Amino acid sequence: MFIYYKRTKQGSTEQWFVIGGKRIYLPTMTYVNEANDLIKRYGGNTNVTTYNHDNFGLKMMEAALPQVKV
């Protein structure tokens, strides 16, 4: 489990959570707090890196880790 940031085409910076081989967009503070708490509980990785939307590392993560909503 971990969180990363994505610098999007339109210039915003988005928080994303990887858990269960999936990724969850964290749109608001409330999501972000809860995800950080999961990381602390379950020994998630605390590296926070920012990826530009066209970074290949990001592309590989996005191909491998389906997105799930809410």
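We number the residues from 1 along the sequence you see.
Judged by mean Cα B factor in the deposited record, 36 to 44 ranks above the other of 36 to 44 and 22 to 30.
Sorting the modelled residues of the chain by their CA temperature factor places residue 55 in the middle third.
Split the chain's modelled residues into thirds by C-alpha temperature factor. Residue 12 is in the highest one. Placement of the Cα temperature factor of residue 3 within the chain: lowest third of the modelled residues, per the deposited record.
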